[PDB]
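Two forms, one protein chain; structure tokens for each follow separately as structure 1 and structure 2.
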Structure 1
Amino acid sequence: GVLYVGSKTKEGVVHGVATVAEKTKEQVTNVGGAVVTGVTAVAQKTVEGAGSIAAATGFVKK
């Protein structure tokens, strides 16, 4: 298996994750896991096996 990623760019602008909140009561932000951000973003074999990547969030209010 051969993976060749040849990139040739010029004046690139990248915004990976942008969250905006305003005038709320409860604000819970959960960003993570395998978030890859770049100008040449490569992600090979993120999970290889019985492993697990999770970004769960819990909210309990009685």
Structure 2
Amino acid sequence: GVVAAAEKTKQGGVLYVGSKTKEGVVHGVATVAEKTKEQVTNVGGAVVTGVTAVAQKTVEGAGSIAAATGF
């Protein structure tokens, strides 16, 4: 069936961000529906979201997503 497996076996830079916004509306991962059966959202990584969203070295590993929606 639906199987997810992730293995991480580890045997063994200036970033300046400046923002100045008077008004800001930010939407990240958004799923919108009126009539649906399944609305599954799977997050294995990063969904860093904001007016000044900064992501630095977020997803650096074994990630597995298995979805069997429907049937």
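In this text, the rigid core denotes the largest set of C-alpha atoms whose superposition between the two forms falls within 1.5 Å. Just so we're on the same page, residue numbers count up from 1 along structure 1's sequence. Residues that one form lacks are left out of the comparison.
Student: Quick one: core overlaid, is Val28 moving 2 Å or more at the Cα between structure 1 and structure 2?
Tutor: True for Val28: a C-alpha shift of 2 Å or more.
Student: So, superposing on the core, is the move of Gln44 at the CA at least 2 angstroms between structure 1 and structure 2?
Tutor: For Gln44, whose C-alpha is compared between structure 1 and structure 2 after core superposition, the shift is less than 2 Å.
Student: If the two forms are fitted on the core, does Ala54 show a Cα displacement reaching 2 angstroms between structure 1 and structure 2?
Tutor: Yes, its C-alpha moves 2 Å or more.
Student: Quick one: how many Å does the C-alpha of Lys10 shift between structure 1 and structure 2 once the rigid core is superposed?
Tutor: The alpha-carbon displacement, core-superposed, is 1.0 Å.
Student: Only counting residues present in both forms, give the runs of 3 or more in a row whose C-alpha shift is 2 Å or more between structure 1 and structure 2, core aligned.
Tutor: 20 to 33, 47 to 59 are the stretches that move between structure 1 and structure 2.
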